[PDB]
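Every residue, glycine as well, gets a Cβ built from its backbone with ideal geometry; the counts of neighbours run over all protein chains shown. All of this is worked out from the model, or read from it or from the source named; none is laboratory data.
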RNA sequence: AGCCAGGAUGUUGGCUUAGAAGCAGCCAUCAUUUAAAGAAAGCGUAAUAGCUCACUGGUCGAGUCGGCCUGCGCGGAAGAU
Ligand SMILES: [Mg+2]
Ligand SMILES: [Mg+2]
C-alpha cells in the first residue's frame, strides 16, 4: 500500500480540491489512464486498481503510477464527543483533479492496454478515460 | 473417400496384440470381436513388424466382423526409439531436449508416398518434421 | 425497410380490395381480412402492392414493412396454405382425430381436448403425428402454442409436444 | 502540405476565447521573424483531425488568412485538459 | 434467470444472445441455452 | 446479415500420458493436400464420436459497421394511517 514514508506533520487541514490538474499528457509510456472526475484516491483503491492491470498483463509490460497519496485522512471513531482534538490518521489519500494522468503503460499493444486499464476503472471512485502518447 | 461407419484407432506400441488392461471394451463395444484383434492383426501384422505403435482403421459389416488396414507408424513415436530421450515431450523447449536432423527423419517419411497427403517429396521432409518439433527440437541437418 | 422496398405479387384468382386501410385478399383457400395500421400505404394498379410510408406518422417504414410480410403471407395462404408439424414423443401419448377436435392423451389423468379455430383445421396419420392446415399464419403458430403448451418438451427425456423443426437438446442425469 | 483556413481575431482575452470555444472554434497565434504577431481564429474540427497524423507537427503547414498565405510550423499546443479537443496552438513563421 | 443492472457481461457469455427491448426495461433473451437469460430491472 | 455446401491431412501432436484423439493434462504454437482449415473457441465425457463453428468459394445486390463532439429521455429506483 502506497504511503509517504515520513512527513513533516501527521495531520493536515482539510483544504480543498479546486482548479485543474497538471499531469495531462502521457509522459513516460505510450498509453495512459487519465482521471476525468474530481476527487480523492485512497491508498487501498490505488493498490486494488494497480493489481487489476498486473493480473491482466502477466509479468509483462511496465507501469508507472503518476499520482501519490501524500495527503493524510483522519477520523474520530464511534461514540466520541465532538471537539477534544483532531482524529487519528487511518489511511492516506491523493487529491485528484480532472486531467491528471493516473497510470501509464507501455509494452503491450494498444488494444490490450485499453482492456488492461479498463479492468481497473471499476475499482476507482471517479470516471476515467484511456489516453495515448501524442506527438508533441 | 466415402462416409463414416465408425473407423478410428485405439492402441500403443505393439507390446500386446489383444490386450485386456490397455483398451478394454472401448475397442469392442461396437461390432469389434476382440478376437480379430489378434486373429487378424497377427494374421497380417507379421509382415512389417510387431513393435511400433500403429493407428489403424475399422470396418464393421452386417456380416461377422471387420477388416482393418494399417500403413505407417506415427511420426511422434518414431523419436523415442532413435532420435532422443525415452518418451518425447515431457518438458519441451524450456531446455534443449536434443539435436536430431532431417536425415534420420526422411527414411520414415518418403516411404509414405500414399498415406501422407502429399505429392511433394520435399513436403514429407518438413511435414513429418512438423510432428517432430514441438518436443523442443533444434534442427541441425 | 429493405423488406418494405420489395413489393408483393398478385397472381390470378386473387382479389384485392383496398378500402383505405381495410384489406380483403381472396383466392382459392379463404377470405383473409385485416385492419391495416394507419401509417402505411398499400397502393394498387399494375399487378403489385407497394408498401410506403404516410407523411405525419413517425415509424412508418417499420409499419409498412410489417404490412409487406403480412400481405405477403396472406397471398401465399389464399393459394397454397400453411402447414406446421407437431410430432409427439414420449410413450403413452395418443393422437387421433374426431373431426375438428384433437384427441390428446399426454400422460395426464384427463385426455386434453382442443377445439380448432376458424379456417385452421387439421388431422392425424397416427397416434404420434399431428398435421394442421389453415389460411392465417398468425393463427397456426397460435394453435401450435396451445397444442404445444399443454405438454411442453421436458429436457431430460425430450418428452412432450415438439415442433417438427424442433431441436430437443438433452443433458445428463447429474453425477454420482 | 496541409492548408488551414483562418480569420483574423477582432477581440482578445478569456471571454472571447471561451466564447469562441462556446462557438465551436478556438484561437491560435502566428509569431516569428521580424514581422508582428498575427492573432487568428480557427475552425475547431478541421485542425483536430489534421494533427492526428504525425506529419502535422514536422511539416511546413500553410495558413490561408483573408485569402493570402503565411508559411508556419506548429511550435506549441494547448490541448483540452481532459477532452479530445484544443484550447490554443502556437505557430512560428519559420 | 437473474436480474443484474449491467448487461455488458450477459450478451457475450454464449453466442446466442442479442438484447431486445420489451416493456419499459431491457431484456436479454436466449431460447437456445436458457441458462444464459438476463433481465434488467424491477417493476412498479 | 441470410442461405449451398466445403470446414479434408501430418495426428490419439508427443505429452506426469488411468479412457486425454482439440477435447480436464505438460508444454509447444511447427507444417501438410490448399479457395479454405487450428496440433484447434464448444455440445461432450469409454474414446473416436457426431453438428454448428473459426476460414474461404458459389449465391444475394447498394450500402454496413460503431467509436468521437452532443440535446433529450429509458433501466438501476423498496417502508410503514
Ligand atoms: Mg469570468
Ligand atoms: Mg407485460
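Some observations on this one:
- Strands (runs of 3 or more DSSP E) completely within chain D that count 2 or more residues being in contact (Cβ under 8 Å) with a residue 40 or more places away in the chain: D:3-8, D:25-31, D:61-65, D:70-79, D:86-92
- Checking A:73, A:96 one by one, the residue that is within 14 Å of another protein chain (Cβ to nearest Cβ), surrounded by 14 or more Cβ atoms within 10 Å (Cβ to Cβ), over 15 Å from residue A:130 (Cβ atoms) and touching a strand residue (DSSP E or B) at 6+ places or on another chain (Cβ under 7 Å) is A:96 and no other.
- Residues within the range A:115-130 that are exposed (fewer than 14 other Cβ atoms within 10 Å of the Cβ) and either within 14 Å of chain D (Cβ to nearest Cβ) or at positive phi (or both), tallied: 1
- Of the residues making up the range A:65-74, one or more are without any contact (Cβ under 8 Å) to a residue 60 or more places away in the chain, assigned to a loop (DSSP other than H, G, I, E, B) and within 20 Å of residue A:36 (Cβ to Cβ).
- Test: residue in the range D:35-45 that is touching a strand residue (DSSP E or B) at 6+ places or on another chain (Cβ under 7 Å), away from every other protein chain (no Cβ under 13 Å), farther than 29 Å from residue A:126 by Cβ and within 16 Å of RNA strand F (Cβ to nearest atom): yes
- Number of the condition not met by residue B:73 [criteria: (1) more than 15 Å from the chain's Cα centre (by Cα); (2) under 28 Å from residue B:2 (Cβ atoms)]: (1)
Table: residues versus (1) assigned by CATH to the domain that holds residue B:35; (2) away from RNA strand F (no atom under 11 Å from the Cβ); (3) in a loop (DSSP other than H, G, I, E, B).
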residue: B:79; (1), (2), (3): no, no, no
residue: B:93; (1), (2), (3): no, no, yes
residue: B:99; (1), (2), (3): no, yes, yes
residue: B:116; (1), (2), (3): no, no, yes
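- If you go through the range A:5-30 and keep only what is surrounded by 13 or more Cβ atoms within 10 Å (Cβ to Cβ) and closer than 21 Å to residue A:104 by Cα, you end up with A:21, A:23, A:24, A:25, A:26, A:28, A:29, A:30.
- The range B:118-136, residues that are in a loop (DSSP other than H, G, I, E, B) and within 25 Å of residue B:71 (Cβ to Cβ): B:118, B:119, B:120, B:132, B:133, B:134, B:135
- Among the residues of the range D:79-94, those identified as under 14 Å from residue D:47 (Cα atoms) and within 10 Å of another protein chain (Cβ to nearest Cβ) are D:79, D:80, D:84.
- Qualifying residue in the range B:41-62 (condition: more than 11 Å from RNA strand F (Cβ to nearest atom), over 30 Å from residue B:127 (Cβ atoms) and either assigned to a loop (DSSP other than H, G, I, E, B) or in the same structural domain as residue B:129 (by CATH) (or both)): yes
Here's the yes/no breakdown for (1) surrounded by 13 or more Cβ atoms within 10 Å (Cβ to Cβ); (2) more than 22 Å from residue B:13 (Cα to Cα); (3) more than 16 Å from ligand 1 (Cβ to nearest atom):
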| position | (1), (2), (3) |
| --- | --- |
| B:94 | no, yes, yes |
| B:99 | no, yes, yes |
| B:107 | no, no, yes |
| B:119 | no, yes, yes |
| B:125 | yes, yes, yes |
| B:128 | yes, no, yes |
| B:131 | yes, no, yes |
| B:134 | no, no, yes |
| B:138 | no, yes, yes |
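- Taking the criterion of being under 20 Å from residue C:83 (Cβ atoms) and exposed (fewer than 12 other Cβ atoms within 10 Å of the Cβ), the residues of the range C:97-137 that qualify are C:99, C:115, C:118, C:125, C:126.
- Residue in the range A:38-46 that is under 27 Å from residue A:122 (Cβ atoms), within 14 Å of another protein chain (Cβ to nearest Cβ) and under 14 Å from the mean Cα position of the chain (by Cα) present: yes
- Complete set of residues in the range C:94-126 that are part of a strand (DSSP E or B) and touching a residue at least 40 places away in the same chain (Cβ under 8 Å): C:102, C:104, C:106
- Restricting C:68, C:2, C:54 to residues that are in contact with a helix residue (DSSP H, G or I) (Cβ under 6 Å, 6 or more places away or on another chain) and over 21 Å from residue C:133 (Cβ atoms) narrows the list to C:68.
Let's see how each residue does on (1) over 18 Å from residue A:2 (Cβ atoms); (2) surrounded by 16 or more Cβ atoms within 10 Å (Cβ to Cβ):
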| position | (1), (2) |
| --- | --- |
| A:103 | no, yes |
| A:108 | yes, yes |
| A:113 | yes, yes |
| A:132 | yes, no |
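- Test: residue A:59 is without any contact (Cβ under 8 Å) to a residue 40 or more places away in the chain, within 14 Å of the chain's Cα centre (by Cα) and away from every other protein chain (no Cβ under 14 Å): no
- Index of the failed condition, residue D:18 passing every other in (1) within 12 Å of the chain's Cα centre (by Cα); (2) within 16 Å of ligand 1 (Cβ to nearest atom): (1)
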